[PDB]
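For this one, two forms of the same chain are given in structure tokens, first as structure 1 and then as structure 2.
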Structure 1
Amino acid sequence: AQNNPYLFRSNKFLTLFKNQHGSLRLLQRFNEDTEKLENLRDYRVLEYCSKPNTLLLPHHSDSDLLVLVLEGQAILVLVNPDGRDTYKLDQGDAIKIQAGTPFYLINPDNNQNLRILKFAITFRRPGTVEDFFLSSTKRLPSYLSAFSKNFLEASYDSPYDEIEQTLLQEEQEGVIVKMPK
């Protein structure tokens, strides 16, 4: 949207990534419409659904998150230098997941979808939310593939060959993924 009704009621999220196995929609930034919501102009509201037996592939946010389960059974994992952190999420179970972490969650076995409500608290590009995914997908590769063979081979010391095949696929309908497990 844009220059429409300056109200305090919204109903149109933007679908960033979309497939049938899950969804990920962004609520427009508060102040767009109005000159009345310029406080929260540096705050995005996120919604994220998926279906039973899914892995949200690994990525990190530049932004400070807030995660709320608006219906579902979760398993959250934040990952560092010395360990992983492991907590199973539930209705209400809301968590703080701070800027930069690389994170990945799942939906377990108890029958239904997981709807998550995510609260972003922004600061590089205020209001502005961005998630760098580790791996590669249809029309948005990896990030690690942005530098070159040079710069990359250097770093692992195993060739742009080995390194590629392990790093560079096209996970089909993939950000949001399904399993046997």
Structure 2
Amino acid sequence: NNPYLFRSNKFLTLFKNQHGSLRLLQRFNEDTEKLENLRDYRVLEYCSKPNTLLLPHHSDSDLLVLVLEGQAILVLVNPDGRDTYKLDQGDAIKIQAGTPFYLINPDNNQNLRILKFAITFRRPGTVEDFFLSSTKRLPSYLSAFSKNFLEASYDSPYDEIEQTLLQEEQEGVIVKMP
């Protein structure tokens, strides 16, 4: 038995789609007490086909994004404005927790493979993602608020809020750019 080895099979799939996939590796200290010094880290892998978009969402953890293959467009959203970055194979960048962002595969022939090293701090070993979009897998977190809270907040009738941004639209979190 080799406790330091982690084959591809040990990757729990968070979301598969015909356009791409997002996978999460089991905790390093899952089957062994020999790696307690790695308990705050999780490894994620992201793969998408040409002209695809991963919907805007923010993570509760710090992410170290690394482009393994392909090219990519990363957009980091700030309450003030936004920053756009073009990433090439081998590029890396840090995405601070709480920053909403979306990833695009602009190429038309080459796939995109990205390694995401997460540094957790809110709940050690646990990494969560908050998607603004409603899908089958999960409804927009904005919908968990009461009708009164939403109406007052956005200052608009509910059924209008519902059909404009709460209603289940996309099939998955990974869609294709028109």
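Residue positions are counted from 1 along structure 1's sequence. Note that the rigid core is defined as the largest set of C-alphas that superpose within 1.5 Å between two forms.
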Align on the core first; then indicate which of 158, 165, 15, 172 has a CA shift of 2 angstroms or more between structure 1 and structure 2. 172
What is the magnitude, in angstrom, of the C-alpha shift at residue 110 between structure 1 and structure 2 when the rigid core serves as the superposition reference? 4.4
After superposing on the rigid core, the Cα of residue 139 moves between structure 1 and structure 2 by an amount in angstrom of 2.8
For residue 36, the CA shift between structure 1 and structure 2 after fitting the core, in Å, is 0.2
